[PDB]
Amino acid sequence: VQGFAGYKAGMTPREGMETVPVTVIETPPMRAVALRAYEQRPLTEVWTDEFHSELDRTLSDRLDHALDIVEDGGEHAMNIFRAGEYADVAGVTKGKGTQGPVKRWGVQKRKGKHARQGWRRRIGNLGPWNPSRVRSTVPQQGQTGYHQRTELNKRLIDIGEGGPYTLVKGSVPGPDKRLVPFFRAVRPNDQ
Amino acid sequence: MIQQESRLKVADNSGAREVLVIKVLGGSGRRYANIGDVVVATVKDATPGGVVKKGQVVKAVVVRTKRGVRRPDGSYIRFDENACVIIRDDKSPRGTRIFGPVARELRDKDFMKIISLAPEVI
Amino acid sequence: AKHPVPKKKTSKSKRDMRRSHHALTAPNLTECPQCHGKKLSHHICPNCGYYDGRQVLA
Amino acid sequence: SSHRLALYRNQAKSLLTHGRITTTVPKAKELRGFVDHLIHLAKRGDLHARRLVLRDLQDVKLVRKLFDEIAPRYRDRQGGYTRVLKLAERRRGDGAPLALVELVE
Amino acid sequence: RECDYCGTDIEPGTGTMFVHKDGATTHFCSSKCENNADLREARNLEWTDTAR
RNA sequence: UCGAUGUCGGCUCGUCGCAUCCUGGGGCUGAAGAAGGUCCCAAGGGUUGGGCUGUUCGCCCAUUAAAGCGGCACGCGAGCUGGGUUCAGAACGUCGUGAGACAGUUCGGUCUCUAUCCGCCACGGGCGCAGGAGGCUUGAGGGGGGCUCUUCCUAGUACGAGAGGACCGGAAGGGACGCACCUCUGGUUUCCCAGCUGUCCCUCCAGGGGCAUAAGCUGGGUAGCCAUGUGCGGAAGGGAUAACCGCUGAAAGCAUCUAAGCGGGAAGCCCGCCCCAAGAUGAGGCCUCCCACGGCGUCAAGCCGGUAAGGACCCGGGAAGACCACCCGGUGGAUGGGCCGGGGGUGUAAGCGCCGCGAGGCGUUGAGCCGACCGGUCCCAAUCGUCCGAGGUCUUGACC
RNA sequence: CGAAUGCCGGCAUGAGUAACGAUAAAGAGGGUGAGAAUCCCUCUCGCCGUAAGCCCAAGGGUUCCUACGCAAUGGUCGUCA
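In short, a report on the structure. Note on numbering: residues are counted from 1 along each chain in the order of its written sequence, which can differ from the entry, and residues with no coordinates are hidden. Written order decides the labels, with chains lettered from A and ligands numbered from 1. In this view, a larger assembly is represented only partially, and all stated values concern the represented chains. Values shown for side chains rest on all heavy atoms present in the structure; no hydrogens or waters enter the calculation.

### Brief notes about the protein's contact with RNA strand F
(1) Moving on: Contacts to RNA strand F come from 114 residues, most closely from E45, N125, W129, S136 and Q143 of chain A.
(2) Moving on: Near is defined per residue: the residue qualifies when any heavy atom it owns lies within 4 Å of the molecule or strand. The contact atoms of RNA strand F, taken as those within 4 Å of the protein, divide so that sugar and phosphate hold 77%.
(3) Moving on: Pairs of N or O atoms are called polar contacts if they sit within 3.5 Å, as long as, within protein, a hydrogen donor faces a hydrogen acceptor (for residues adjacent in sequence, only side-chain-to-side-chain pairs). Separating a phosphate oxygen of RNA strand F from a side-chain N or O atom of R178 of chain A is a distance of 2.8 Å.
(4) Moving on: Between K86 of chain D and RNA strand F, the recorded distance is 2.4 Å, taken from a side-chain N or O atom to a phosphate oxygen.
(5) Moving on: The way it works is that DSSP assigns letters per residue, a run of H or I at least four long becomes a helix, a run of E at least two long becomes a strand, and they are numbered from the N terminus. Elements with a minimum of two residues in the surface near RNA strand F: β2 (7–12) and β5 (148–161) of chain A, β6 (75–79) of chain B, α1 (2–18), α2 (25–44), α3 (47–57) and β2 (82–91) of chain D together with α1 (31–39) of chain E.
(6) Moving on: For the surface near RNA strand F, the element with the highest residue contribution is β5 of chain A, accounting for 7 residues.

### Remarks on the interface of chain E and chain B
(1) Moving on: In this complex, chain E contributes 13 residues to the contact, which on the side of chain B involves 15 residues.
(2) Moving on: Together, the buried faces of chain E and chain B total about 990 Å²; carbon and sulfur atoms form 55% of this surface.
(3) Moving on: Any carboxyl oxygen of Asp or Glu within 4 Å of a side-chain nitrogen of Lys or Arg constitutes a salt bridge here. Our count for the chain E to chain B interface comes out at 0 salt bridges.
(4) Moving on: Along the contact surface separating chain E from chain B lie 5 residue pairs in polar contact.
(5) Moving on: Elements with a minimum of two residues in the side of chain E that touches chain B: β1 (16–20) and β2 (24–26) of chain E.
(6) Moving on: Residue contributions to the side of chain E that touches chain B peak at 5 residues, all from β1 of chain E.
(7) Moving on: Note on residue categories: nonpolar means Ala, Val, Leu, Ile, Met, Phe, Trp, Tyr, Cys or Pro, charged means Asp, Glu, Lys or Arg, and polar means any other residue, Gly included. Grouping the amino acids of the side of chain E that touches chain B by side-chain chemistry returns 4 nonpolar, 6 polar and 3 charged.
(8) Moving on: By the bridge criterion, 4 bridges tie β6 of chain B to β1 of chain E in an arrangement that is parallel. Any pair of residues with heavy atoms lying within 4.5 Å of one another is described as a contacting pair. Put simply, buried area is how much 1.4 Å-probe accessible surface two parts lose in total, over both of them, once they are put together. For two strands to be treated as a pair, DSSP must find at least two bridges joining them.

### Notes on the sheet that holds strand β3 (residues 22–26) of chain A
(1) Moving on: Strand order in the open sheet made by the 7 strands is β1-β7-β4-β5-β6-β3-β2 (chain A), with antiparallel pairing throughout. In this open sheet, the two strands that pair with only one neighbour each are β1 (4–5) and β2 of chain A.

### Points about the side chain of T166 of chain A
Residue and element names in this part refer to chain A.
(1) Moving on: Summarising the element assignment, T166 is placed in strand β6 (residues 164–169).
(2) Moving on: The classification of residues rests on relative accessible area computed with a 1.4 Å probe and restricted to protein chains. Under 20% of the type maximum is buried, over 50% is exposed, and intermediate values are partly exposed. Classification of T166 as buried rests on a relative accessible area of 12%.
(3) Moving on: In this structure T166 touches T23, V24, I25, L156, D158 and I159, once residues within four positions along its chain are discounted.

### Some remarks on the protein's contact with RNA strand G
(1) Moving on: Neighbouring RNA strand G are 21 residues, the closest being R15 and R18 of chain C together with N10, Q11 and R91 of chain D.
(2) Moving on: Sugar and phosphate atoms form 74% of the subset of RNA strand G atoms that lie within 4 Å of the protein.
(3) Moving on: Between RNA strand G and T10 of chain C, the relevant distance is 2.6 Å, taken from a sugar or linking oxygen to a side-chain nitrogen or oxygen of the residue.
(4) Moving on: Between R91 of chain D and RNA strand G, the recorded distance is 3.1 Å, taken from a side-chain N or O atom to a base nitrogen.
(5) Moving on: Among the elements of the structure, α1 (12–20) of chain C together with α1 and β1 (20–24) of chain D are those that each provide at least two residues to the surface near RNA strand G.

### Section: the side chain of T65 of chain B
All names here are of chain B.
(1) Moving on: Tracing the sequence through the fold places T65 in strand β4 (residues 57–65).
(2) Moving on: By relative accessible area, which is 5% here, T65 ends up buried.
(3) Moving on: When neighbours within four sequence positions are excluded, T65 is seen to be in contact with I2, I35, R78, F79, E81 and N82.

### Thoughts on the sheet that holds β1 of chain E
(1) Moving on: A sheet is described by the order of its strands in space; here 4 strands give the open sequence β5(B)-β6(B)-β1(E)-β2(E), paired in mixed fashion. Two strands lie at the open edges of the sheet, namely β5 (69–71) of chain B together with β2 of chain E, each paired on one side alone. Taken over all neighbouring pairs, the strand axes of this sheet differ in orientation by 30 degrees on average, direction set aside. Geometry is summarised by axes, namely lines fitted to C-alpha atoms with helices restricted to the contacting stretch, and by angles between N-to-C directions that run from 0 to 180 degrees.

### Structural notes on the pattern of salt bridges
(1) Moving on: Tallied over the entire structure, the rule returns 18 salt bridges over all chains.
(2) Moving on: Of the charged contacts in the structure, one is a salt bridge between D89 of chain B and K59 of chain B, with a shortest N-O distance of 3.8 Å. In this pair, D89 of chain B sits in the loop between β7 (82–88) and β8 (92–93) while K59 of chain B sits in strand β4, placing the two residues 30 residues apart along the sequence.
(3) Moving on: The exposed category is assigned to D89 of chain B, whose relative accessible area is 59%.
(4) Moving on: The class of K59 of chain B is partly exposed, set by a relative accessible area of 36%.
(5) Moving on: Between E2 of chain E and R52 of chain E there is a salt bridge, with the nearest N and O atoms lying 2.3 Å from each other. Taken together, the residues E2 of chain E in the segment before β1 and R52 of chain E in the segment after α1 connect sequence positions 50 residues apart.

### Concerning the packing of α3 of chain D against helix α4 (residues 60–69) of chain D
Residue and element names in this part refer to chain D.
(1) Moving on: Contact pair α3 / α4: the axes reach a minimum separation of 10 Å and the direction vectors enclose 135 degrees. With respect to α4, the element α3 is oriented oblique. Between α3 and α4 lies a crossing of right-handed hand. Residues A49, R50, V53 and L54 of α3 form the contact with α4, whose participating residues are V63, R64 and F67.
(2) Moving on: Among the residues forming the contact of α3 with α4, the class breakdown is 5 nonpolar, no polar and 2 charged. Comment on the angle field: the value is read as roughly parallel under 35 degrees, roughly antiparallel over 145, roughly perpendicular from 65 to 115, and oblique elsewhere. Left-handed describes a crossing whose near helix is turned anticlockwise from the far helix by less than a right angle; the clockwise case is right-handed.

### Considering the pairing of β6 of chain B
All names here are of chain B.
(1) Moving on: Only one face of β6 is covered, namely the face carrying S75, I77 and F79; the face carrying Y76 and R78 is uncovered.
(2) Moving on: In this structure, β5 lies alongside β6, joined through 3 bridges in antiparallel fashion. When the sheet's bridge partners are listed, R71 is paired in β6 with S75.
(3) Moving on: The loop that links β5 with its antiparallel partner β6 comprises 3 residues; one of these, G74, has a positive phi angle of about 35 degrees.

### Considerations on the packing of aromatic side chains
(1) Moving on: Put simply, two rings from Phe, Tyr or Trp (the six-membered ring, in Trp's case) pair if the centres are within 6.5 Å, and we call them stacked under 30 degrees between planes, edge-to-face over 60, tilted for the rest. Taken as a whole and judged by the stated rule, the model has 5 aromatic pairs over all chains.
(2) Moving on: Where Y8 of chain D meets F34 of chain D, the ring centres are 6.4 Å apart and the plane angle is 45 degrees; that geometry is what we call tilted. Here the residue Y8 of chain D occupies a position in helix α1, and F34 of chain D occupies one in helix α2, the gap between them amounting to 26 residues.
(3) Moving on: For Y8 of chain D, a relative accessible area of 28% corresponds to the partly exposed category.
(4) Moving on: An aromatic cluster is present here, built from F4, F81 and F183 of chain A joined pairwise through their rings.
(5) Moving on: To sit over a ring, a charge needs its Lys NZ or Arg CZ within 6 Å of the ring centre and within 35 degrees of the ring normal. Over the ring of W119 of chain A we find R122 of chain A, and its NZ or CZ is 4.2 Å from the ring centre.
(6) Moving on: The aromatic ring of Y74 of chain D is capped on one face by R77 of chain D, whose charged end is 5.9 Å from the ring centroid.

Here it is, written out as structure tokens:
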């Protein structure tokens, strides 16, 4: 499936030597699903059922060792991620909604003699007379909460299996717990 | 924290009593005095002109602030106050002996003189 | 204080389109439980009173 | 607020009087949550519980009424003392989906 | 300690500390304790470890 | 343009551009170092708080690497501002017999709710992508994001009189900024808890009650949301170049980086990172699954059951949210509420009980009452029902 | 006679978006009706109360009761006025 993934447990931090916060993530081995290859003609994804028992309720390294356990017979535990390395992780936003020029985007609004005056929030302007009409610029009230989000240099420290679980450096997993998070490790600078 | 005119006080006999921030030293952008930092500002009021005198132009380093600073010890510290020390550019306090207590900070960011004089440190 | 009030008549045509997107859809309804008649999916009626319980009248 | 309560009030009351009533979808559902937990204390039975439920519905007749009256009938279950059931009609002008709810019996 | 005195207590395998001029202190706990203390007289305090 | 285009400065939002302030790359010096100065190349990002002034501008304060010029009706009033000059007052000074008067000044002086279109931002409604299907990607193309200061070894070594102070090369810290996020920290927390006076009902007491905003008041307070706070990022590295520097060598049998031939070299361009994305009509890939129902004149590509392949409606629920669409549940259930166990919050209840005439105090009690947070169990309520939804177009060829 | 921001009168616009005339609130039960959130009784509750009090007059002027009844007025209803 080229990569490694699971979900949002929760964040807290404690210990170490000074003291560092982190977040725990959920994931035994969410099974095999074909195996990326533009071979002989187009080959991209197959599904020789070997699935859940629900799932018809809806009916070269990384991916390669993925050939390893995929062939194994579906699933493939997670934690290749070991003793502090760096995945990276995507998390779907957190449906914040449709909002004001404000948090949609940092912008000073209604200074004071009028910050108040039954007057507040509403970006200030749009576009010079003569240049003409409207950019595709200045965002607008540009909704947030469903964006597909994520970041870099994701240092993960440790893990354990009392269930397949990970403890990663600095949460920011984006979304809230009980949510979908994926992690790779790519183009590491702090390699 | 503590920029613009916030006032804070002495704790060294440098001769002050109190000062109003100006600049939060460091380099552009920047807006905060916090233990260890160094502020540029001056005399709101000083004693009978010990050696400083009211409305006098000065620089000094951050020593005690109820903004509560977090220590890399996930542990926490704050003061009933806001005050510090005056210096000779070469980060040296001028006030011969200290006052209120300070935080390991100073050593950290370079302020022994102070560090030792301190009646106390935490 | 009418800063902006339409500038053009509105086009018979289009106007109507605007209206267009708008579609009526009779309530899904299902036949009774046993008071045999057609009913508002899920509910007793001046036909019924049942469901599994005799709450209603006539 | 003052209102949320208000309601929960008159309603909880008349309700106990009747064992069932007509309000609207939500109206019912939460009248449920609470008239319900009231019920639960009714169970609890005693100086204290009595005190609370009255603390809100205010009045003996019913207070005890519920309390000694039906509390029994139910003393056994695990909540659910209420059963809200969607109605088949809507109040006019309005178009609102009223409902009927009761104490499960 | 005792929160200094603050017979009460509050926040983690950390707790946290507040203080005062004259190299002298306010070791710290819980809000109640807080305001009262920062505001007036120790021995008149009551709740916690002294009016105990 | 006078059936009218609202003239300053500010505001907020900005967007070019280069003559580039700061940045990097250069060649040059009357350049050793170092730092300066001369100009060429490059706009990446970046380009601070006050102060007084309706001001722009400007002078000054303290920073900084920087504190850039100029365009867009000196951008922005269907977005504020409205200080001002530039409505009658009125005032002086000042002209004028006067009357009024002055780009001299001075005090005050009603900037208007409902966006049609194009346009921009967002969210779905079609229809298509010619079996009918649910789930997986590829991305041409597009968007974000690109700075910086200091500290240190290399060195106090190259240079050096000396005070100084390197390329080259590598550690760390921080600034401002962006993405995201609650643990920690802090703000919240309209009813969760707790103290309160004044009042009317409560049956007298106590023990409550509304009102005292739309919580009366105060002291606190999860969960979510959210900084002042947590993680993070702006990079490596590769490909073509700017300036600029070389080699190889004509035409000038002697030189020349040079038209042809090859390389050296930029915070730049292309790629790389991350974010969309075939409605990119060139509708893409892949897998999984469903098979040719009907009877009507035909190139019957038109009308009927269908296949739960599947999905949909209704219902039940979500940090999913204006609607909508999106996602997970639909009693072979845990989905919602209830209950329950837990935390977490208030701070020891209602009663009797004991010490003091009273006030209360201490006890029974860390009690009592508990909103979302974690997770049980079918107490209650997601019953039962309905719709629509395929069949595999025409021709060439390659194979069995 | 397009054609005089024309006069007269119809008739479409935005548009099924804008508004319901004080954020002093409602809710339940039964009653009557062809049909009632919008009428009647009734029990929860909220708001006045120096008024949202009753009174004298000014002005209006049958608006009042009682049985009937609702086409329009009543900015929704409406068997209520």
